[PDB]
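Asks: This structure is in structure tokens; I'll ask about it shortly.
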Amino acid sequence: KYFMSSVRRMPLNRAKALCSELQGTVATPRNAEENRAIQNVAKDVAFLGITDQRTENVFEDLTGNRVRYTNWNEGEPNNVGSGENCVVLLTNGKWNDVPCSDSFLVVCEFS
Amino acid sequence: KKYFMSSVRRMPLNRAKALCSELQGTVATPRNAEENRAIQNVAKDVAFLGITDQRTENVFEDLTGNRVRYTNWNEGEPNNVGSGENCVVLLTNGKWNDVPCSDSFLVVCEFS
Ligand SMILES: CO[C@H]1O[C@H](CO)[C@@H](O)[C@H](O)[C@@H]1O
Ligand SMILES: [Ca+2]
Ligand SMILES: [Ca+2]
Ligand SMILES: [Ca+2]
Ligand SMILES: [Ca+2]
Ligand SMILES: [Cl-]
């Protein structure tokens, strides 16, 4: 896997469109090593290709596969506000669930 | 090593540049036959390369204004037809053609 980060922030829908444009997908860390690689390419909080949109508290990648490795920040995922179904990788490498409508950088993944 | 990825949609050069730069990459510029073939592997149709003779006609440079060495022009190219062809695309046979920068083609981005 190759990981590339965007320079501008955008909502999840636009983030997916960007990675898909070059035939990749939004980065989904499968272990601690990939998590670090993605963190390093991201210069700020960035979207990961994980959501619990289909079923609340059931986090899966953009292809519907349930995720095994997780690296949630203490207190997360909390689904606050009116709901948070998308996921971002914080600058310390931990994860936070956020509104998919909010704007963040995006790290795309390619094979 | 360099990694090459092709776009799904067609767009003019300036948009092609913006797309590759969005992920901090550049428009693919083959420096030898091996790279030219690697770009061929990912491009399913005619695609832009990061080369232009915008500064001086018939003097080809990469997008950073660095004059290129390796070229793989299709027979009869570059011909600067009509109002002018200052951008370059990789044909489906691996050879190159100069085309109008305002015309739309797929784009192959390069990363390292
Ligand atoms: C007629 O113009 C088109 O075809 C010629 C070759 O026939 C190319 O040189 C040119 O860039 C266009 O693609
Ligand atoms: Ca949720
Ligand atoms: Ca949260
Ligand atoms: Ca020309
Ligand atoms: Ca031509
Ligand atoms: Cl949401």
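Chain A is numbered as in Swiss-Prot; the shown residues are, in order, 133-243.
According to its header, this structure was worked out by X-ray crystallography, 1.7 Å.
Just so it is clear, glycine is given a Cβ too, placed from its N, Cα and C backbone atoms.
What Swiss-Prot records for A:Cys151-A:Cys240, A:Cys218-A:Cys232 is disulfide bond.
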Asks: Of A:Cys218, A:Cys232, A:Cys240, listed here as disulfide-bonded residues, which sit with their C-beta under 8 angstroms from a C-beta of chain B?
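Replies: Near chain B - Cβ to Cβ under 8 Å - we find A:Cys240.
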Asks: Between the disulfide-bonded residues A:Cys151, A:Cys218, A:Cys232, A:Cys240, whose Cβ has more other Cβ atoms within 10 Å than any of the rest?
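Replies: Checking each of A:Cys151, A:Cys218, A:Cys232, A:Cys240, the winner is A:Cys240.
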Asks: Which of the three DSSP-derived classes (helix, strand, coil) applies to A:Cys232 (disulfide bond)?
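Replies: In three-state terms, A:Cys232 (disulfide bond) counts as coil.
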Asks: Determine, from DSSP, whether A:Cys240 (disulfide bond) sits in helix, strand or coil.
Replies: strand
Asks: Return only the integer: C-alpha distance in Å from A:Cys218 (disulfide bond) to A:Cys240 (disulfide bond).
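Replies: Cα to Cα, A:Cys218 (disulfide bond) and A:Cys240 (disulfide bond) are separated by 15 Å.
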Asks: Just the number: how many Å between the Cα atoms of A:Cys151 (disulfide bond) and A:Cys232 (disulfide bond)?
Replies: 16
Asks: I'd like to verify something. Among the disulfide-bonded residues A:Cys151, A:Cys232, A:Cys240, which ones have a C-beta closer than 6 angstroms to some atom of ligand 6?
Replies: A:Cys232
